[PDB]
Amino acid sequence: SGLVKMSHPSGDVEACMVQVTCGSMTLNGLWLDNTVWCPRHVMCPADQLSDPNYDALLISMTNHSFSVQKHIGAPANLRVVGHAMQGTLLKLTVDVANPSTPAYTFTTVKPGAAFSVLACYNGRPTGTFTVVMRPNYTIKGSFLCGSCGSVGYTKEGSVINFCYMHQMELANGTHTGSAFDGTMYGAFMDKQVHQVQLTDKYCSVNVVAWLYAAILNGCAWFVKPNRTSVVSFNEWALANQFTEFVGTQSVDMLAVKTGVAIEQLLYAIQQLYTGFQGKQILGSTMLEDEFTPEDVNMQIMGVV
């Protein structure tokens, strides 16, 4: 029993972190097979940060303009045999294939999904935590200067899903990054300019999962027989800054084990959005959308 912010064990990914240095700019990079991914603004000379010409910056570069160093495990310098650009990322071809490359994927997560983040500095991991892709395509992490290139991932089975590479802090505690296809979440730009965010919203499915968690941990004062259809809640959501609810088989698993219908918790959410009246839900006085249905499933009933 118990619900915490839980991240995936990071050894798989610790073995893939390196330091990327270009000119006078250093950051972190992900070393998979014969490739090292890193943010492309490592090439930007710090003063072209307001109007960077990444095409010109790339053609300007040679393969020795980049230095890749591995500080964890067995250290080595890796000779860079190729440099390429993909969206907002640099893909550097190296002469040695990473012997610790795990089975991996590059799939872009949508808002509401969760992934474990491994924060790194100078190619050295410092901490790990779990975040959620906000509806405005940001995350609420903890990053200092030089942490870009740190990677966010999940793992189902033996396969690691690499979904995030840190790039920018927009406001206090607000951050963004890339998918490993090169596209930046929310179409933000890698340039120190004015960047407006969309409005943040509560992730409906995650609140439902969190209420199911509270029930399975002996906290169910908020449950009454009343119900509210999914259409009834999505229309309510379009006016009160909530995401459109979409049922999934994990949410349905939670509903089956609690004997509490999704519609009951949607009604409960409608009632709790005003205020908890001084009561607590799993030690919280607000609705919590930091927990996905899969996360609660694995934490409460386990994936054996």
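From 1 onward, residues are counted along the sequence shown.
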Higher avg CA temperature factor (222 to 230 vs 142 to 150, as deposited) belongs to 222 to 230
236 to 244 versus 23 to 31 - which carries the larger mean C-alpha B factor in the record: 236 to 244
Return the residue from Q277, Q271, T258, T62 that has the highest Cα B-factor in the entry. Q277
Going by the deposited entry, which of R124, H166, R134, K191 has the highest CA temperature factor? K191
Report the third (lowest, middle or highest) to which the CA temperature factor of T93 belongs, ranking only the modelled residues of the same chain. lowest
Report the third (lowest, middle or highest) to which the CA temperature factor of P99 belongs, ranking only the modelled residues of the same chain. middle
Within this chain, which third does the Cα B-factor at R79 fall in: lowest, middle or highest? highest
Entry-reported Cα temperature factor of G182, expressed as the chain third it lands in: middle
With respect to C-alpha B-factor, does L170 fall in the lowest, middle or highest third of the chain as deposited? highest
